[PDB]
Structures are given as C-alpha cells and as structure tokens.
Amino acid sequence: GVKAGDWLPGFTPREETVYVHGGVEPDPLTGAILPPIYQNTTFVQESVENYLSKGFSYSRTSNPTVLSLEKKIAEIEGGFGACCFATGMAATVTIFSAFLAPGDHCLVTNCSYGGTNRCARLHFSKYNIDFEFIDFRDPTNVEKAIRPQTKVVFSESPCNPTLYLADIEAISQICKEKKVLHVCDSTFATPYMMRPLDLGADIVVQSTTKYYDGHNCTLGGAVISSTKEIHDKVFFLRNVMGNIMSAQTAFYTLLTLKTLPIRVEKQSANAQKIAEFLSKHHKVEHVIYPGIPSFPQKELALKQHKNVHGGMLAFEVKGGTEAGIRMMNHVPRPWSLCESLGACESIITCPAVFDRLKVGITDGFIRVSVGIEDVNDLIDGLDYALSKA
C-alpha cells in the first residue's frame, strides 16, 4: 500500500538514481519537483518556546537548500552526514581547525593539492601543530610515521598533480589500529570512482568546485563524516567559522550532481583515448593515467577504482621547461589554459611554472583535465601543441 510520491519501503535506490534524487523530495507545500532556493538569512519562529521547531533559525548555521545538498552528498558518499562549505579549502581548513591543537601531529601526503600544503605550512603551523609530509604510496610509511601526538592522517587519492594513488583500505586499517582519524581528499576521484568511506576512512573532504559542479560555475566544499560524533563537531565549527555554502551555490550543485555519472563516464572515455595517443607520441616523455599499462600502481588502480579511471591525466614533454612552455602557449581551442579541473571544458595547466622535482612535478610536467568535447578535437589540439614543443 504505497502511492505516487513514495519510495517503495525496504528498497534502496541504485547508484545513478541517488545522483538524480538523493536528499531531495518534491516541495511539500507546492509539489515543486526541485527544492526552492532559500535565498534568505533568517527564519521566523512560532513562539519563544517553539524555537527551532521547523528546524531553522539563521542561514549561517544551516539553510534548507544547503541541507538538501548535504543529504544528497552524504548518500552518494556513504556517510552519516555531510556539511557543505564556501570552498574545498574551507572544508579542509575546518578539518584542521576542529581536530588539531598545539602539540598535535598531522601526516599529510607530500604530493598534496598545493593549497592544502600552504595552509598547513604557512598557517596552522604557527599554532605549534606539526605537519609531516610523507609518501603515501606505501602504507607502511604511514604506519611508521604515526606518533603518540598524531591526530589526523590526511590522504588524497589520486594525488594532485602526479596522480599517485594511496591504498585507502590499508591506511584505514593502520589508522583504526592506532586510533587516529583518517581523512581522505577524494576530489580527483569522485564518489563514482572511489568512496573512501566505503574503504574505512573516517572523513572525506571534497572540493565540489571540481567534478560535483563540473561546469566551472561555482566554488564549494563538503566534509562527509562517518559518524554522528565527527559530524556534529564539523557542524558546530562551521557555524563558528562562518564558512557555510550559500543557498544559491547549493542549488547549482544539486542540479549539476544529477549528471556526474554520465559526465565522468564521458570524460574518462576521452581521457583513456588521449592517454593512449600521448603514450605513442615521440615528443612525450611519460604519460600518467591509471587506465594505461605503464601506470605504476596498476594493481591498486584495479582494486580501488570503480567504473572508470577518471578524467585526470598528466604527461611530461621532452625538452624540459622551455618545451613545456612552448607547448602550453600553443594549445588551441577547445582547450583552455587555466587552473582548476573536473569541468565539461577541457583544461590544461603546467603546475610548476604557474625543489619541486622530488614531489614528482618534473620540468616539462603537464596536468590535463579532460572534459566532454569531441575527443578528436582534443587530440588534434594536443598534437598541434606538441608540434611546437
């Protein structure tokens, strides 16, 4: 006995259905199929006694549109709850703010996203928090570097920009044994390819700017928590730091998330073909893509990646820095020369120009974000650029 507008009780929607509908139901007041945008700072209360009945009071603390996105994101990533932020850096910084105090130690991948690196070094370390950067490719490095003061192990997989993988299940096992928080930044992967919470991570951080948005439209971040205790700590501190996502951003991301599976499938199919083309090009010294046989962590890629190997790839042009620069300066449309990644629009950048040599970022190293354009235009443009290297 269930009617139009109910899910059938006892059934779990399958993956692509969750991207379309998770966290959202038609508006109860009007039936609007999309939740309205609560572009609104404050919420009227029925009486002094009934404060917070209806659930809301002030949009810095929580907002209904933002909360619909958080419910969707928690379902997609497999978490107890999620908090959404103005940016991915805000999400990351809130984890550092909540879980570290002076005297604590934090292990971070040495090939982090650069911003994560700069916020650790140039900011939180003034609170006498010890950040140690290590090679997460071997989990025993993590196990050996954990101290009694270690509170957080912060992995990223694939890693910005070298696309190293971290074995998330094994690191989680180590972190569970040592009772330390395992935080994983899986922005490059997407939950469609890898869900760190499924593999035992305690927290996931996402830049929703990148693939969740996928359109170069909005900035955003999310923290997805494995437990209520962690979630409530993140939520409380978000209210204090004032870095919640806005209702309009959340509306845009509720919309673009619906297509994340078909976008990432297309981007990943394009990236596989581009990586194969570059691996045969004589001006190209090395290609990094988890889907080609030369990838050094192929075994882990096949264990840890679902569905696809992602839209990110990297390569090194022969001839070092001058050659990388000539190539960049001649990459034609439809490519865009710019920062960011994950978008329908294909993007290329040179991480070093825009030492570093021990992090993998060699002289002619190029990070490529593959979009959903026709792959022949993308390949023709790279081939032209490489003719100038």
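Residue positions are given as counts along the sequence shown, with the first one as 1.
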Absent coordinates between residue 354 and residue 355 - deposited residues affected, binned into four classes: 4 to 9
Residue range whose averaged C-alpha B-factor is higher in the record, 268 to 276 or 133 to 141: 133 to 141
248 to 256 or 168 to 176, whichever carries the higher mean Cα B-factor: 168 to 176
Criterion, highest CA B-factor; candidates, 185, 202, 213, 299: 299
Selection by C-alpha B-factor (highest) of 293, 196, 311, 261: 293
Residue 114 by Cα B-factor - lowest, middle or highest third of the modelled chain: highest
Chain thirds of CA B-factor: placement of residue 319: highest
Where the record places residue 77 (Cα B-factor, split into thirds across the chain): lowest
Relative C-alpha B-factor of residue 27, binned into the chain's lowest, middle or highest third: middle
Third of the chain's Cα B-factor distribution that residue 120 belongs to, per the entry: highest
